[PDB]
Amino acid sequence: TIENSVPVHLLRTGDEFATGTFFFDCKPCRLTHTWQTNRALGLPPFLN
Amino acid sequence: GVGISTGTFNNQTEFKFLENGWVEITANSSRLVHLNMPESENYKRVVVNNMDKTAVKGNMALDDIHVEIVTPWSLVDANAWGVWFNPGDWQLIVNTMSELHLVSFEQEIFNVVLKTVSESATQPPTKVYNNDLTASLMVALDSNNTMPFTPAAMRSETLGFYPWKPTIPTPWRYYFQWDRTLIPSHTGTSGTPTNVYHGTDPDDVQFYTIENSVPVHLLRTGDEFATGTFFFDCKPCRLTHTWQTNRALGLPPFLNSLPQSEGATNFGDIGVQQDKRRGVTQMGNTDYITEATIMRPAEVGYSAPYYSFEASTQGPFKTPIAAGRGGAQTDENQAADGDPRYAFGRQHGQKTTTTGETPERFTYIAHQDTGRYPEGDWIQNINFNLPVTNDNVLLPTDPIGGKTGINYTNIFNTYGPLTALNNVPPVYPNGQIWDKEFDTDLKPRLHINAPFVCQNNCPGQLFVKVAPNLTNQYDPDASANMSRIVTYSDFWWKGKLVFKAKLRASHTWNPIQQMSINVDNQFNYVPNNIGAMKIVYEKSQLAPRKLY
Amino acid sequence: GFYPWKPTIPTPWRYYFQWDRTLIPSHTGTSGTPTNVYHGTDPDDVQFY
């Protein structure tokens, strides 16, 4: 129950509300993709 | 410049004991490398089809189709054990230390020599070797690890394990995105299955170039080059093996009855019933508390599919396994707990004075016991109600999928958040030392080819090449091929690898398994009348360690 | 003992020693004698505390 478990704000026209700034905790997101399997790993054979 | 020497030779193994049982080992390997002129001074892109072995409808693990790009650049790998220690040093480490910490690594190249070959077509004809004192060598270092990583241990394209023996770098090459499809097929599967090489995904096209992406150094005789010191980041390597399963964990039963005399047939009997024994089990059905039933804190090692030849966009590939042993001696599943296999020749083991061209190998079998005998398991009913009945138990012998050869053992994967594990021990010589780490957000717990993985930073690849020596005729407006002066160059390479370890104390009463020289070993560690040398493989972790 | 006003007893100490074995499953029907033996001990894994 929201009424029971959280502070409620009544805003009228003249009012306004603002959350402050929240900082997240998260590992970065990469904008790259891996195209390597198990057959594209290491030193390929030597072509005689 | 050209008179004078640039470096010194040192292939010495130094051990410096510190305080509180810590030693600081520094292995030096100064080998003299030889290198010839790259045939093409151009980069290639070659495709390999062997669509004549992958048609026999039986042959699917023999898929040698990949795509590589050849580089005129010749690489140099020293990421091996055999290249550092000798059978006499390894004994010291392995018999007396208990853990190893890889530290520093620094390479140094000196006494560069470049000679031209003059072919005097006269009778024989004859060959006249000279020195082109103005010639050059193109040394390069990928200090910012920008290029792929090709550990040349995998394919025994390392450096000689005998210092007094001149060696050769490996022609550099790397992978290029090759796309394929190949469906399995036994000897009977009717029709033509499916297998093709579409080509390349335009997305995954990475065409590297050393000239473009790395600072190149030209060294003349008078010059020299030195990498500085690189520090690794790696968890220590243990020189101990675990011999404890799930039946050798905790407080054994209390034997109400003990033998009253000698005989390997006088067993101490507990003296209580299985369905009236006190303790804890992970069952809510039974009342039977057995050495197989009782609840153990966790599970040692895991059980995975064998010969689970998976596949993706590049083609089928086997499923790795981190295993130890798992059976009576010469009573193992060589493939169930994944036992490495090593093939080298002449320059990395094997009898120097051999003939023909056939690699020699060994199937290294550790000492740790985390492996399994997938030939003594079973899946039965929640009803238990033993003695278990056929229709109530799936055994190894019982086929799955209707085919004989197959099992549930073959398709089985018991890896739980309760799986305990020990990394892959060093396999010396041959075996690898340290191996880069995957750039995937999620990373493998441990590598199967090397005990040390450097995470945040690894030393860069040393690419060694010969500079084009040109004649009086050269038209860059001619395909031909920059006919050049047949040039090669010989240079001395030196290495300083640093390891820091701790010493083993005794805690038992029974001696521990050590390394020695038998009447069977002797001549495996000494040259012969002709000078036939060779380096045998030898178990690393041979010393107990209590798991729990 | 879980009852304080009740005198208790320690447990005779004992621990494991490397024992090597083989045992293959077998239902009530599996024909013949399957396989099960106790070779002994691997000389490598001998810890006598």
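Note that chain B is numbered according to Swiss-Prot, with residues 180-727 shown in order.
Each Cβ is built from the backbone N, Cα and C atoms, and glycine gets one as well.
Swiss-Prot lists B:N323 with the feature Mg(2+) binding site, giving similarity to another entry as the kind of evidence. Following the DSSP three-state reduction, the secondary structure of B:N323 (Mg(2+) binding site) is coil. B:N323 (Mg(2+) binding site) is surrounded by 10 other CB atoms, counting those within 10 A of its CB over all protein chains shown.
B:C633 (disulfide bond) falls outside any helix or strand according to DSSP and counts as coil. Proximity of B:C633 (disulfide bond) to non-local residues of its own chain (separation of 6 or more, Cβ distance below 8 Å) is seen for B:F411, B:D412, B:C413, B:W613, B:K615, B:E616, given in sequence order. The disulfide bond annotation in Swiss-Prot covers B:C633-B:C637.
Reported as a whole number, the C-alpha separation between B:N323 (Mg(2+) binding site) and B:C637 (disulfide bond) equals 9 Å. Taking the Cβ of B:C637 (disulfide bond) as reference, residues of its chain lying under 8 Å away and at least six apart in sequence are, in sequence order, B:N324, B:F409, B:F411, B:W613, B:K615.
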